[PDB]
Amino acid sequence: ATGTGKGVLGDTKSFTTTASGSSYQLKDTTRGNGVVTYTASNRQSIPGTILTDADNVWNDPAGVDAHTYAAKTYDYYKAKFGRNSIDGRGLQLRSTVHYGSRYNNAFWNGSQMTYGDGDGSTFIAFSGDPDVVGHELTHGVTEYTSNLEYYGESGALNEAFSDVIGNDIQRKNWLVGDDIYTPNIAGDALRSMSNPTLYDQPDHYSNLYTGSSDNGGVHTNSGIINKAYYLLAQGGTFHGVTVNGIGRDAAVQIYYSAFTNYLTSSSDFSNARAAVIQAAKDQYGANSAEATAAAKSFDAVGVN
C-alpha cells in the first residue's frame, strides 16, 4: 500500500505499508525480507508492536522517519554498493521507535535498530536524521563484514565507518546528527567530520584519547578517522600535509571496500591506513592520484 505522513522535521513523505484487514501496518514487504517498524510504547521491550494506522496517513513522526530512512538506506546500499540489506542476503530491517522515556540514545543491538525519543532538550527523536538511521544500520553491515570489536581503536573505526556512510547517504554537509541535536540552537551538531575538535573529538592521532570511558573512547577517537575521510574526499592541508581531494563518490567506494573487505575484528588505525590504501589501489591503480591521496590523508592525521 502507499502510506504517507510527516517526519520528525514536519516534512511529508511517502513509503510502503501493508493493508491488514481494516487498517495498515508499517511494514514494507518489497525490500529484501522486509522493512518493518515498531513502537516500544515508551517502555524498553523490543521489538515492541508493529505500528498501525487506520487510514494509511500516519501521525508518528519518529516511526515515519525510522521506516522511510530504513527503506532509503536499503536502496542506497543496493544502488551504491550492490549489497542486499545488512547481511548481503536481504535480512529483514527492523526498527523500533519510542524506546523508553525521554531516552537520549539510539543503537544497533545485533538484530535491529532502536531509537529513543530524546529528552526534547539535547535531542529530539533520533530517527529524524537520515545520517543517524544510516549510522545505526551501518553497525549491522559492520557486524556482518569486518566485525570490528567495540573497544579502543577498533571500536573507533566501527563508529567512524557508521559516520562516513550515514553522512554520505544524505550528503547535506559534513555533520552527523545535526537534524536531531539541540533543537534550540541552529547550525550545531553531534559531530563534525570536517572539523571534529568543534565537538571535543580529536582530529589528529597525537591527541588520541587513551582513557577508559566509552569503551576506550570509541565515540571520541572516531574523529581521527572522520577527519581522514573528509581530507580524502574534500582535500586540504592539515599538519603540513596536503591531500588532493578525490570527491565523495570515489572516497566512499574506497572506504566501503576497505572496511568491508580488508579490515578484521581486531584492526587498529594502522590497519585501516593499509586497507584504505589497498582499496584505493584496487579501484584506481597502485600509483594513481587516488592511492596517493589515500596515503596522504593518513599521513595528515598522524596515522602512520
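One-based numbering along the sequence shown.
Asks: On mean Cα temperature factor in this entry, is 217-225 or 194-202 the higher one?
Replies: If you average the C-alpha B-factors of 217-225 and of 194-202, the larger mean comes out for 194-202.
Asks: Got a sec? Mean C-alpha B-factor, which is higher, 64-72 or 25-33?
Replies: Between 25-33 and 64-72, it is 25-33.
Asks: Going by the CA temperature factor in the entry, name the top one among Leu51, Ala251, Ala272, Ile46.
Replies: That would be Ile46, according to the entry.
Asks: Among the candidates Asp129, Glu136, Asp119, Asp163, give the one with the maximum CA B-factor reported in the record.
Replies: Of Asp129, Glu136, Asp119, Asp163, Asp119 has the highest C-alpha B-factor.
Asks: Determine, from the deposited record, the chain-internal third of the Cα B-factor for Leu157: lowest, middle or highest.
Replies: Ranked within chain, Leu157 CA B lands in the lowest tercile.
Asks: When the deposited Cα B-factors of this chain's modelled residues are ordered and cut into thirds, is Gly247 in the lowest, the middle or the highest one?
Replies: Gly247: CA B-factor falls in the lowest third of its chain.
Asks: Taking only the Cα B-factors deposited for this chain, tell me whether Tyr255 sits in the lowest, middle or highest third.
Replies: Lowest third - that is where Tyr255 ends up once the chain's C-alpha B-factors are sorted.
Asks: Which third, lowest, middle or highest, does the C-alpha temperature factor of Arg102 belong to within its own chain?
Replies: For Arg102, the deposited C-alpha B-factor lands in the highest third.
Asks: Is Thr114 in the lowest, middle or highest third of its chain when residues are ranked by C-alpha B-factor?
Replies: Its C-alpha B-factor belongs to the lowest third of this chain's values.
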